Structure formats: structure tokens, C-alpha cells
């Protein structure tokens, strides 16, 4: 792997790795309490042996610049972070894959960037969501304080998350956990749109998801394809991420 840095629209440095390959260029977008190490740890990366893989750390996570404000964590800023990565590698065609909120990011990048030929959203749908201000602020307080990593660890353990997902939370600065959480009140509630007719949009979730309605809504509204994995919940579906990688590799082939 090679490392890269790019600068987002607002000056934030965005750092990542490039794993060269002869195949399609795939850009990987992690979730809120994660960093780019999840792709190797989950087995997703080994499922794409031929692809040119680009994996960034979103702002405030991993090796990328610190933010520390809620508006700095607005959805539009993460979209700018990903588009900067698309600029550095100069391709006309990219396939994006995002986990959890990273899926929402990938969908929004697809809406605005005609270089995105495919976008895959793992365990996130594309529809409008009502965000309860009070509960999100409460969660920001929990995650940003001294007990914040333990709060997330305990929650994800108790819901059967894979170990890599449990462990990743402790690698995120508590101040950025709080700011990213508050950032969800700045634009993340809106639905995403289709960027252009030829785009391939894929949503992935647990067959046991308690709320499949918005996933079906995306099939209808966006012409998205819905992929199911065997799991009772979205968190547990993350145990199937390597398997999903193999299915992505079948599309890219």
C-alpha cells in the first residue's frame, strides 16, 4: 500500500491509503466510530484482490485532520472529503462502498458526482430520516466524556458487533465522537438522489432488519438494488462484511 493526502474544500487534510490493482477503482468510506483499518480487519479488503482500493480516514478519524465542531462534521463536508480523494486519483469512474453512516456518505457523493459509476450502502438506506434532537445531543454527551469509549464498546458488544467494530471506537478521539454525533443535525436527515441514469445503486442490510421499509423505498425511488445478508440486526450484519465483499467483487468482475 501507498499513503496519500488530499485537502478537502474547507482545508481539512484527508489521509488514506491506496492499494494498487489492475481492476476497478473502489473507494471505501467507514462509519462514525471507525477508521480505515476496518477494511482489512473485516476481511472486506481481501475479498477484492484485483481492485485498486482507496480507503480514506474521514475528517477527525484516523490520520485525518481534526475538526472539533458540529458544523465541521456536516454531511456536506464528508462528501467534500470523498470527492477530494476522487480528484487525487483522477479516474473517470469510481465505485464507492460505505458502512453505516459511511453508506449514507457514499450515496450522497453518488448524487452529486458524475464520476461515481456505482455506490454501495451497507446497512444504511437512502431515505429521509427524522432525527430526534434531544436523543442525539444526549448521545453526543455520552460519547465525548471520559466514559465514552466504554459506552460505545458496551453497546456494540451487547448487540453482537464483530470485534473489529467494538475495538475501532477506542481509536476515535472522544471530542470527535461528540462533534460527529452533533454533526448529524446538520444535513444528514435528507434523502439522497440518483446522480445519473446509468449509476448502479445498491443497498445492503440484514434480512432480519426491523425496518426494511425504507430499503424498499430506495428500490422504488432510486432504482436501487437491495441485497440481504443473513443476520437479525444491522449491527450483526457487520459480521457478514467479508462475504459482502465477495459479492461486490462479482459485480466488479
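Positions refer to the first chain, counted from 1.
Visitor: Between 44 to 52 and 201 to 209, point out the one with the higher average CA B-factor as the PDB entry records it.
Guide: Averaging CA B-factors over each stretch, the winner is 44 to 52.
Visitor: Look up the CA B-factors in the entry and say which stretch, 106 to 114 or 86 to 94, has the higher mean.
Guide: Mean C-alpha B-factor is greater for 86 to 94.
Visitor: Which of these, 25, 18, 233, 12, has its C-alpha atom at the highest B-factor, as the entry lists it?
Guide: The record points to 233.
Visitor: Highest CA temperature factor in the entry: which of 171, 125, 155, 182?
Guide: Spelled out: the listed residue with the top C-alpha B-factor is 155.
Visitor: What third of the chain, by the recorded C-alpha B-factor, contains residue 80?
Guide: Residue 80: CA B-factor falls in the lowest third of its chain.
Visitor: Please rank the C-alpha B-factors of the chain's modelled residues and tell me whether residue 120 sits in the lowest, middle or highest third.
Guide: Bottom third by C-alpha B-factor.
Visitor: Using the B-factors in the PDB entry, rank residue 151's C-alpha atom against the chain and give the third, lowest, middle or highest.
Guide: Highest third of the chain for residue 151's C-alpha B-factor.
Visitor: Among all modelled residues of this chain, ranked by Cα B factor, put residue 190 in the bottom, middle or top third, i.e. lowest, middle or highest.
Guide: Its C-alpha B-factor, which the entry lists for residue 190, ranks in the highest third among residues of this chain.
Visitor: Please place residue 248 in the lowest, middle or highest third of its chain according to the CA B-factor in the PDB entry.
Guide: For residue 248, the deposited C-alpha B-factor lands in the middle third.
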